[PDB]
Structures are given as structure tokens and as C-alpha cells.
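Proteins come first, then strands; the chains are lettered A, B, ... in the order of their sequence lines, and each starts at number 1. Side-chain atoms are counted along with the backbone in the values below, which use heavy atoms only and exclude waters and symmetry mates.
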Amino acid sequence: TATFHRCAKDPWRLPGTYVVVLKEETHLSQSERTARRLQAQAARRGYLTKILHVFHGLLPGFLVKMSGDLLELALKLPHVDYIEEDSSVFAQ
Amino acid sequence: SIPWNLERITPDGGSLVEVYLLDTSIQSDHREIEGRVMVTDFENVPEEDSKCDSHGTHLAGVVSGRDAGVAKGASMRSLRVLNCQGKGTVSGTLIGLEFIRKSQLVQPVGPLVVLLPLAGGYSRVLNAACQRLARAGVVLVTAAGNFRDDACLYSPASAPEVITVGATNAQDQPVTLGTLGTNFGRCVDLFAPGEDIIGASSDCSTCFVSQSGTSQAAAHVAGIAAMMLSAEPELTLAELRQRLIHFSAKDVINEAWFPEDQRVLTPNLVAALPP
């Protein structure tokens, strides 16, 4: 049931950075374990990753800099609701 | 003689409300906003591809500036989510929204209004974070977008829990901005003055410049919300929305400016302060 989303305005997409959004009521400790688990599984496949931030308070999840090749693996992590590729916002 | 937009919304308030601003850097010692805006340590901006603080300084002035502000008694807190070119990221904005909620839990104050004078494409995650912050009791006001398009295709404009503000000019008509202009459609809650808005210019400590955009229009609604919540602090988000519609000028926009299918969907409302 975990889905992937990316900006429909192709020039505004920022590939290589993803927001992994976990299910409502996933705890900070569970989000940190999920982030460590992605880093371990990606490293076994020869991929370098970086956890940029761990979210809690509004949405549980984390911000990760990694190759999009890892998205099928990341969607199978526990607690995942969806993953969204980062994108630009602009002053109006 | 007063700036047209300040006369348009009038048929030092807002002192009980804190307005958070997620924007570029701000020239906090400009005479128009000195002592009114507290710059947080928050910064989350992408690298670039007197001008760095132009956008945020003007908007801080629209909300609470000494001479040209809407809610002159409101206090503001600023977070830098837009770089020198006015560009940010959805993740940077998410981290900023989380920072506001963390700040509030650590040291609660009165009603909070969050001004988001920015837009990107439709974002499931930015809409969900806005929805969660609004459900947590915080009021969010955002620019409808300056793309002459349906606001439902942009975020945070498309989030239903956010007050989405389009821009009107001195003829009460939708603002044109170059070849584009204000967004419209069913995701817009109301319009507010957003053309030739006089406000603090970061070029010098006493300079003023006029700017146009849905960010200026959203800043007007953030100021009106601050005045409304200060007068009636117990208003829920649904009640605050009812008040904004109630005190708005009705049916003065010529709906022919919108595309044919958007005429029945776009609210014909121009924001104004209660009498």
C-alpha cells in the first residue's frame, strides 16, 4: 500500500532527495529505526545514503538523500505510508 | 492620504496573535518593522543557481509595519525557507512547519497565524503537514499562486485546511502579473489587495517600495486574521473562515476575468476588516 509521488511540474522536481512519510501515529523511535534500516539495506547493495532530517510533531518520517534506484526497496520498509521526491517552492 | 489597500480593507490591533513568516531573510532593523519581527535561528534553503531580503521585508511590513501595516500590534517570528532568489524546497518548508509546532509546544502563546507566501506544484506531503498543523489549532494563510491557473494544482494553495488567498487590484479585479496573474478556482478561499502594495523596502532603513502578488494578498489576510483573532480569541478555524467571508465585499470581482468553467467555482469575495 505504500506509494511514490513526484512533482507533476517536471522542471520543479529535485531528484536525489526523498521525503519518506510514515503512517499516522508512527513514533519518533520507529521513524529513526526505519531510517537506520534503509541505510543498512542500501549499504548492502553498494549505495551511499544520508539521513538529512527525522520528522516528528506533524508527520512522522525522514528526509533522505539517496539514488531513486532505492525507491522500490524503501517502499517495502515498515511503517511507510508514501514517499515523495523533493521539489521546489517559490516566493509569490 | 493613505495606501489604497489599507483604505480598501477598512470599512494597533492584532496584539494577542503571533504571526510566523516562512520567507526569505528579513532586514529586521528596517524602521518599519524594527522590534516587531523576531528573527528565529531557522534556516533551510537550497543553494543559489539588499535583494536577498527584499520579499520577506516587504511582507513583514504588510502584516505589522509601523506606517503601512494591517495589524500594527501583532508580533512576528521569521523562518528563512527561501534563498536569495526566492527559491525554497518542499522539505525545507516541512522542516519549518515542524519547527513552528515545536516552538509552540515549548513556549505556548496565544493564537498563531502562519503565513506561507510561497508555492510549488501539488504536494501530498506539504498538504498533509499543513492539514496536521491546522488540525493542531494553528491558522495557516497562503498565497493562491501567481500562475493565472487553478490553485488546486499548487501547494500549499490546494490544501483545504489552509486559507488560500488570491489577489485583487484597486478596481477590485484579479491582478495581472506580467503575462500571468492571480490563481483562481475552488481551492481559493477569498481575494485581498495584492497590487501596488506600499511596504518596507530592504534597500534602505526608511525606504518603501510597491509590490504585487498573491503573497501581498495573503499578508493582508494574515493581518486581518490577527485583528479578528485578537478581538475574538476563542474563534475556531471554521468560525474565523465564516468571519472572513462575512466581512468581505461580495460580488465586486468581474468573474469574466476567470476562465468560463472557473466562474461558479471561484469565490467572489474581497477581504476586509470588521467595522
Side-chain angles (χ1 to χ4, degrees), chain A residues 1-28 31-32 34-35 38 49-66 68 71 74-75 77 79-92, chain B residues 22-24 44 46 54-56 59 81-83 85-86 88-95 97-101 105 116-126 128-133 135-136 142-147 153-157 167 177 183 194 213-218:
Chain A
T1 61
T3 56
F4 171 57
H5 307 272
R6 67 187 199 172
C7 188
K9 302 267 184 212
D10 210 77
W12 298 349
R13 290 180 48 219
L14 294 169
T17 303
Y18 298 88
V19 182
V20 176
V21 185
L22 309 180
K23 288 158 173 175
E24 176 177 25
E25 299 319 327
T26 297
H27 190 269
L28 176 56
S31 304
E32 298 175 337
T34 303
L38 174 62
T49 64
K50 184 172 189 179
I51 302 304
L52 297 180
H53 180 82
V54 182
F55 292 103
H56 66 105
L58 293 175
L59 293 182
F62 56 90
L63 184 63
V64 58
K65 184 173 173 288
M66 69 180 185
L71 288 161
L75 291 168
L77 289 163
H79 315 299
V80 178
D81 193 0
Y82 60 100
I83 300 180
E84 183 171 319
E85 184 193 63
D86 204 0
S87 65
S88 295
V89 302
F90 303 90
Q92 297 298 296
Chain B
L22 288 93
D23 206 325
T24 66
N44 194 294
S54 178
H55 186 254
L59 296 173
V81 303
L82 304 179
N83 71 7
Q85 297 157 343
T89 63
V90 161
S91 64
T93 307
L94 286 180
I95 299 167
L97 290 174
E98 174 180 89
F99 179 97
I100 297 172
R101 179 57 173 170
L105 293 158
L116 292 151
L118 51 84
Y122 182 99
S123 166
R124 182 179 180 177
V125 71
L126 191 55
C130 288
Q131 176 181 67
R132 300 261 208 267
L133 188 52
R135 285 184 196 274
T142 197
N146 295 343
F147 302 101
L153 312 181
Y154 302 87
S155 278
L177 299 162
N183 277 354
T214 55
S215 70
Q216 276 73 25

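Of all heavy-atom pairs between B/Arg101 and A/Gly57, the closest is CG-O, 4.4 Å. Shown here for A/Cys7 and B/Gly121, the closest heavy-atom pair between the two residues is SG-CA, 4.1 Å. When every heavy atom of A/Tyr82 is checked against every heavy atom of B/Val125, the shortest pair comes out as OH-CA, 3.4 Å.
By the 4.5 Å heavy-atom criterion applied to side chains, A/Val89 and B/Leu116 are not counted as neighbours. The shortest distance between side-chain heavy atoms of B/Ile95 and A/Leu63 falls below 4.5 Å. A/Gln92 has its side chain out of reach of B/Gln216: every pair of non-hydrogen atoms, C-beta onward, lies at least 4.5 Å apart. Proximity of B/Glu98 to A/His53: side-chain heavy atoms (C-beta onward) are separated by under 4.5 Å at one or more points. Between A/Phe90 and B/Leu82, the closest side-chain pair of non-hydrogen atoms is not below 4.5 Å.
Considering CG of B/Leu126 and CG of A/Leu59, their distance stands at 9.5 Å, rounded to 0.5 Å. Interatomic distance, OG of A/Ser88 versus CG of B/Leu118, reported as 11.5 Å (0.5 Å rounding). To the nearest 0.5 Å, atoms OH (B/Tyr122) and NZ (A/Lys9) are separated by 14.5 Å. Rounding to the nearest 0.5 angstrom, the gap separating the OG atom in B/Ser91 from the CZ atom in A/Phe62 is 13.5 Å. Taking OG1 of B/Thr89 as the reference point, atom CG of A/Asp86 lies at 4.5 Å (rounded to 0.5 Å).
Counting only distance, with no hydrogens or angles, the side chain of A/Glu84 and the backbone of B/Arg124 share a donor-acceptor pair below 3.5 Å.
Both the backbone and the side chain of B/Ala129 come within contact range of chain A, judged by heavy atoms closer than 4.5 Å. At a 4.5 Å heavy-atom cutoff, B/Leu177 makes no contact with chain A through either its backbone or its side chain.
The ring-ring contact (aromatic ring centres under 6.0 Å, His included) test applied to A/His79 returns no partner, not counting sequence neighbours.
Taking B/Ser123, B/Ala167, B/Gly92 one by one and counting their heavy-atom pairs under 4.5 Å with chain A, the maximum is reached by B/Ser123.
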Which atom pairs, one a donor and one an acceptor, fall under 3.5 Å between side chains of residues 10-20 of chain A and the rest of the protein, sequence neighbours left out?
| from | atom 1 | to | atom 2 | distance (Å) |
| --- | --- | --- | --- | --- |
| A/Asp10 | OD1 | A/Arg13 | NH1 | 3.1 |
| A/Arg13 | NE | A/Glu85 | OE1 | 2.8 |
| A/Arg13 | NH2 | A/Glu85 | OE2 | 2.9 |

